[PDB]
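What follows is a single structure, written as structure tokens, with notes after it.
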Amino acid sequence: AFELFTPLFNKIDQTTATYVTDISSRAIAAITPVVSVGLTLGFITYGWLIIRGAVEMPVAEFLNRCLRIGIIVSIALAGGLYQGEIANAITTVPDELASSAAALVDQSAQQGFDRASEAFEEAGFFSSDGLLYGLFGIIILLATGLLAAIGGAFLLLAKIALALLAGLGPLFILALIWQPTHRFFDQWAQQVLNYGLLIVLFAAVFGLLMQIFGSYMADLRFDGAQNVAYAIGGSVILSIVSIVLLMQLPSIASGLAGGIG
Amino acid sequence: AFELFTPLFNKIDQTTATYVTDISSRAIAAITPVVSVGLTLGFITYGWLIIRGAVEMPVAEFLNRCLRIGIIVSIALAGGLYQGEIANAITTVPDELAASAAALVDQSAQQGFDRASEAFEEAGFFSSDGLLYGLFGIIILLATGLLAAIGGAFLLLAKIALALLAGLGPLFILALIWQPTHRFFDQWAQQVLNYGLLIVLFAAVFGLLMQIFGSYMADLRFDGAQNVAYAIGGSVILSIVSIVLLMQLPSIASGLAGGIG
Amino acid sequence: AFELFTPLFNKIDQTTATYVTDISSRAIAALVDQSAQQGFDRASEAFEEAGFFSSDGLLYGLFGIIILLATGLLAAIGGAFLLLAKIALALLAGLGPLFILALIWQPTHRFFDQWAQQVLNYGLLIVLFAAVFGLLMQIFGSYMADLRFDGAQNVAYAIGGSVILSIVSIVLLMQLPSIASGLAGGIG
Amino acid sequence: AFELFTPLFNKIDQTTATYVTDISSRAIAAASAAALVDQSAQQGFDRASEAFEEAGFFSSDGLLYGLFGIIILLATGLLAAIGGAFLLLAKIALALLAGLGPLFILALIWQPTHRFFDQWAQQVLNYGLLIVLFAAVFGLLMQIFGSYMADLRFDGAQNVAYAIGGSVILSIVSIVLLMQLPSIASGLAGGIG
Amino acid sequence: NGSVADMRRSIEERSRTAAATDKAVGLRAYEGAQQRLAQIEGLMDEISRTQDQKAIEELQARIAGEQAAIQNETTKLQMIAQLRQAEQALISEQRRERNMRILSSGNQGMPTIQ
């Protein structure tokens, strides 16, 4: 069975998830008791400021403690939600594309490459005139491979980038204290919004266009019913339309993401 | 076997690295000790004249002299660790990040071109119908060549950039004793960060992609079990996906380096 | 016996001479050639082998076309950038004194700033492509002069190495001009 | 005979006139330019046709000569097309700007339209410098390429590989310079104002 | 075996030699057949004038013998044609052997950058 995007996604997702999430766990889980101990020591320090001297607005110290507790809770719960959220996003990609993505792409490419292989059989039968059929097969194969590969590559880039951003999540959440750190956090949010809009847009348009292309490839056969020139032209024209649209979408997605603010 | 990436890497790390690096380092090794003795004479004599002239040595003079001496010693040790760390980085950075550094790339290309050679052999066997296999071999060869060449070209450009940036390093580091020359130092620091990010990203990602491609295509065999059109389409898809990811990386690296500031 | 660039550069020198002739009436390399020769000879032996069979040997024709295309694209990119920068710098020098005349007014110092920026940019571009193109094309020429189609060397290995080197050099030649422009903008 | 750029430019010019210039007239009411490039493309296609004829002569090895003909054909076609296309775009830009010049210039009565008039003049200057640049550079490169292709022959004297490589290198170099040209034109136009 | 260029020159020369030998043997056999026809005319013109029944029987048997010789000639010509086809096949097979050797996957050498 033509299962190629399935094992590639499996291997790359296994590497990314296991490696990065294991790193984040080994860090955060060991850190957590240290963070709690540090918070207790900070409480003792404000105890010194209460009892000895040099204090300022104790009710305000309530605001500072509230902010710090919020940051710590966000960081720890965000580490847990990250450990769950890698799987959450991985599942969200196929469901968003369907409303699996890899199976759909593989089936459409399977139809395209079945047509290419039948053209190759036709070429191999003649053995003298069987080079025009060979070129036909090459054209179909290149078109289908181009479409499937560009789409899968952009999806994989989005998934890896989102996983890396989630992995770095706790650092930038702990880095929301000061004003420059808030400047960091704003750019982090900009990037994650950019990549999320990218992955959703590609899921939708990729699903629609590749279902159209799979249907068209299924409707083609190399026999006396159809004029082969028209069918090959339709295949290449549809492939080029799809590839240019998928190529020009991410610029628009990034532009709108930046324009939101 | 296929021995091109490691010897090309070695030759590049020899010729241009030797010329620029050793000319700059020979000049610096020639000219530092004299300058250092001169600096000691200048500062001790400044402090002698302040002792025996107009008052110009409060704790401030010690402060200014201390920081300037720190910068000068940093740049001199920067020349020494320039020779040492240029050697160490060129040797280790790709290898340590993701045996040997380019041996994985060479092995993967070896598998790819062995399969292409098998296709060429089958093409030559028939010699009349044996042109379809010729196009199969040409397509496979172009796919593997484009992937390996993109990866190697980005790696080579990144290492050359690091070598040149480190070679200019001492001058730029010495070039922050004033304010505007500090403004010029900032862009050199930004570029160093940019190309360090570049080497890290391509090292990891391209190592992963080449390992996956090598396993896939070494598994490939031309017999009566695997549909040849399916396998060739898969190889083309993997090549194009990897090319897309590697083309999207450098913009990511440069943008992140600019964002850090 | 491969002379391509030399007439091109000589005709461009003729055009530059006409430009300086205009301005006067007012005021009244081969390394790539030699490397591409070896590349094209190693491509033409493939055509010879293909012609010998004349029925069976089309794979050799495709190999020759691939080699010829790789060498042609590489040499063409390098020479195109070299020639572009050469003609642009010559034209800017020809218009130089008119731009330097902008000393008379304080506001026209922006003209000189832009002029110097462009001149420094194209000078850096000359330096960068000169050095890098020379090194890469020498490497490619050596590799292709080592190439052969006989009973010992593998066709796939040789041609794959050729195409890999060609694409690598094209990628580098594409990245250099942006770096040159960025450095020129930053320094100025 | 090779009448490709002449009829194309003639049709574009007449459909520009009748549909823009006469409308501008209504609003008011209230040696050849392409001969050299046509000859150069004719010579290139003549060489391609000779290659195809040789390819047809052998009928057994007549695939290598077909491929050489295809390479020559593609190179000359791409170069001539790039040049003529940029000429067409520049011509249509100047024609539209001249059609809409009256209204945009007369808009300068009120001071708030100074920016609009400046943008209009910026477009006009950009596309004028653009037409000058293609005129000079592309005329030179068509002369060179036509000379090379006309002096090409398929004989025992001239090695096929050297000639094909020469045609490919010249075509690619010319395309690279003509791709770099519009950026330079836009930069100079922007720096002008 | 040997250098591939040696293989190329040997194949080309062998093809030219095969074609030329075919043509030359054809011509030589043709004038041989003309000699045979002259002999037949002589035999008949001398057989018109026999005198005793034993003489005519003997020369009839001699004519039968010449007929047998011509049949042997026909066998030889068919046999030379078969040999020509066989050696054309051998030459094509040697072309195939060289073509397989040049492209073979058993090759391992690679031009190295120096």
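Labels for the structure tokens follow display order: chains A, B, ..., residues from 1 in each chain, ligands from 1.
Using only C-alpha atoms, the part of chain A that sits within 7 Å of chain B is made up of residues 4, 113, 116, 117, 124, 127, 128, 134, 141, 145, 146, 148, 149, 150, 152, 153 and 157 of chain A.
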Using only C-alpha atoms, I'd like every residue of chain C that has an atom within 12 Å of chain A; please write them out as a PDB file with N, CA, C and O atoms, in the first residue's frame.
ATOM      1  N   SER C  55      21.559   4.122 -32.140  1.00  0.00           N
ATOM      2  CA  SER C  55      20.259   3.538 -31.839  1.00  0.00           C
ATOM      3  C   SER C  55      20.075   3.309 -30.350  1.00  0.00           C
ATOM      4  O   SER C  55      19.035   3.669 -29.789  1.00  0.00           O
ATOM      5  N   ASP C  56      21.072   2.716 -29.700  1.00  0.00           N
ATOM      6  CA  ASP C  56      20.997   2.359 -28.294  1.00  0.00           C
ATOM      7  C   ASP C  56      21.349   3.519 -27.377  1.00  0.00           C
ATOM      8  O   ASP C  56      20.771   3.639 -26.292  1.00  0.00           O
ATOM      9  N   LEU C  58      20.959   6.786 -26.247  1.00  0.00           N
ATOM     10  CA  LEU C  58      20.351   8.065 -25.914  1.00  0.00           C
ATOM     11  C   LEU C  58      20.589   8.479 -24.472  1.00  0.00           C
ATOM     12  O   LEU C  58      20.537   9.676 -24.174  1.00  0.00           O
TER      13      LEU C  58
END
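Atom CA of residue D:37 sits 21.9 Å away from atom CA of residue D:16.
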Closest contacts (chain C/chain D, max 6 Å, only C-alpha atoms) as JSON lines:
{"residue": "C:44", "atom": "CA", "partner": "D:161", "partner_atom": "CA", "distance": 5.5}
{"residue": "C:54", "atom": "CA", "partner": "D:61", "partner_atom": "CA", "distance": 4.5}
{"residue": "C:55", "atom": "CA", "partner": "D:61", "partner_atom": "CA", "distance": 5.7}
{"residue": "C:72", "atom": "CA", "partner": "D:169", "partner_atom": "CA", "distance": 5.2}
{"residue": "C:76", "atom": "CA", "partner": "D:169", "partner_atom": "CA", "distance": 4.8}
{"residue": "C:80", "atom": "CA", "partner": "D:173", "partner_atom": "CA", "distance": 4.6}
Next, dump the selected residues to file, keeping only N, CA and C atoms, as a JSON list (two decimals), in the first residue's frame.
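Writing the result to selection_20.json gives the following:
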[["chain", "number", "residue", "atom", "x", "y", "z"],
["C", 44, "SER", "N", 30.90, 16.80, -24.57],
["C", 44, "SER", "CA", 30.88, 16.43, -25.98],
["C", 44, "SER", "C", 31.35, 14.99, -26.18],
["C", 54, "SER", "N", 24.01, 5.23, -31.95],
["C", 54, "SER", "CA", 23.09, 5.86, -32.90],
["C", 54, "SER", "C", 21.70, 5.24, -32.84],
["C", 55, "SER", "N", 21.56, 4.12, -32.14],
["C", 55, "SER", "CA", 20.26, 3.54, -31.84],
["C", 55, "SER", "C", 20.07, 3.31, -30.35],
["C", 72, "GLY", "N", 26.78, 25.42, -18.35],
["C", 72, "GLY", "CA", 26.30, 26.65, -18.95],
["C", 72, "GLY", "C", 25.60, 27.55, -17.96],
["C", 76, "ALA", "N", 27.18, 31.06, -16.89],
["C", 76, "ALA", "CA", 26.32, 32.17, -17.28],
["C", 76, "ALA", "C", 25.95, 33.03, -16.08],
["C", 80, "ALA", "N", 27.22, 36.77, -15.87],
["C", 80, "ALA", "CA", 26.16, 37.76, -15.90],
["C", 80, "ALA", "C", 26.32, 38.77, -14.78]]
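Atom pair atom CA of residue A:252 / atom CA of residue D:122: separated by 26.8 Å.
The list of chain B residues within 6 Å of chain C is residues 113, 117, 127, 128, 134, 145, 149 and 153 of chain B; this uses only C-alpha atoms.
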Open item on the list: Should the cut-off be 10 Å, what would the residue list for chain E against chain B look like, counting only C-alpha atoms, as number ranges by chain?
Closed with: E: 96-97, 99-114
Task: Distance filter 6 Å, only C-alpha atoms, chain C against chain E, as a PyMOL selection string - done: chain C and resi 143+146-147+150-154+157-158
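Take atom CA of residue B:80 and atom CA of residue C:182: the distance between them is 29.6 Å.
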TODO: Could you give me, as number ranges by chain, the residues within 8 Å of residue D:52, counting only C-alpha atoms and dropping anything in the same chain fewer than 4 positions from it?
DONE: D: 48, 56, 65-66, 69
Task: Neighbour list for residue B:24 as an MDAnalysis selection string, cut-off 9 Å, only C-alpha atoms, skip fewer than 4 positions in-chain - done: chainID B and resid 19:20 28:29 79 167:168
